[PDB]
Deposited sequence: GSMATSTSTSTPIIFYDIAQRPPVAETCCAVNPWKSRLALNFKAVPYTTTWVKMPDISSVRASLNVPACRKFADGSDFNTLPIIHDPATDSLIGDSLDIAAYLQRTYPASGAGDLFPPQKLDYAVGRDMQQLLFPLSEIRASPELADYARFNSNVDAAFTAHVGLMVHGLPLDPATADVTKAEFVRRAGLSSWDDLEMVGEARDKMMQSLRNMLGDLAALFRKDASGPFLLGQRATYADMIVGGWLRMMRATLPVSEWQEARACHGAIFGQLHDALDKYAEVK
């Protein structure tokens, strides 16, 4: 019965034993949905669901599979309709390609833009003052989406979605790879919008 989640354990200098970006996106999605699962650590996230004989690779497909197969399970809908109006600046467009269930197209485009925005600042996580300024500026632009509904730390206020998990997966990975002070900067800048989002996602961050 339990879903098998294939994941890769992290090695130093990564500070935390679990979770590259995309495994974090899927792990946040599995925990939010409350579907039972266990990790097999192997040397891409992939799940096998024995309940449907399904084998799904890629975090967007896994989350879409969970929402479609267990729509009422756990904390609710991972993909409610939503304007995810975020676009990277021109100096980051090359990191968009290759891009991305047509009701999910906006979530897919958001996944591409967040990934590109943050990937532009790997290398802090592999650092320099100018890169940290660029990271701060990119978070400022992303922050406007999290200010649209100030009833809560998520994009839709008190309601978390897969889009919050797209960003949260990056945040979790940054906490594990940045020097502590730079993580503390990222978590504090622009009104601590991303420290709040990170902390709000803690409840969906169990490693199992």
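Asks: Against the full deposited sequence, which stretches does the structure leave out?
Replies: No coordinates exist for the deposited residues in 1-10, 54-80, 138-141, 168-201, so these stretches are absent from the model.
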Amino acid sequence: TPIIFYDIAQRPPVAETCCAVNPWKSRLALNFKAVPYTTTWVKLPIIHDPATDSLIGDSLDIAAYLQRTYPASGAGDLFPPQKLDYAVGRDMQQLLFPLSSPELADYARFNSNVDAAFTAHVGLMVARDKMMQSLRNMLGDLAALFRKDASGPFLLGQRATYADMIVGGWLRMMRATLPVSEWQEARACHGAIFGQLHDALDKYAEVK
From here on, numbers count along this sequence of modelled residues.
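Asks: Out of 112-120 and 77-85, which stretch has the higher average CA B-factor listed in the record?
Replies: The deposited B-factors put 77-85 ahead on the C-alpha mean.
Asks: Do the C-alpha atoms of 169-177 or of 154-162 have the higher average B factor in the entry?
Replies: Of 169-177 and 154-162, the stretch with the higher C-alpha B-factor average is 154-162.
Asks: Taking the chain's C-alpha temperature factors as the reference, tell me which third residue 54 falls into: lowest, middle or highest.
Replies: Highest third of the chain for residue 54's C-alpha B-factor.
Asks: Per the entry's values, where does residue 44 land by CA temperature factor relative to the rest of its chain, in the lowest, middle or highest third?
Replies: Top third by C-alpha B-factor.
Asks: Determine, from the deposited record, the chain-internal third of the Cα B-factor for residue 205: lowest, middle or highest.
Replies: Lowest third, going by the recorded CA B-factors of the chain.
Asks: Can you tell me which third, lowest, middle or highest, the CA B-factor of residue 37 falls into for its chain?
Replies: For residue 37, the deposited C-alpha B-factor lands in the middle third.
Asks: C-alpha B factor of residue 149, ranked within the chain: lowest, middle or highest third?
Replies: It falls in the top third of the chain.
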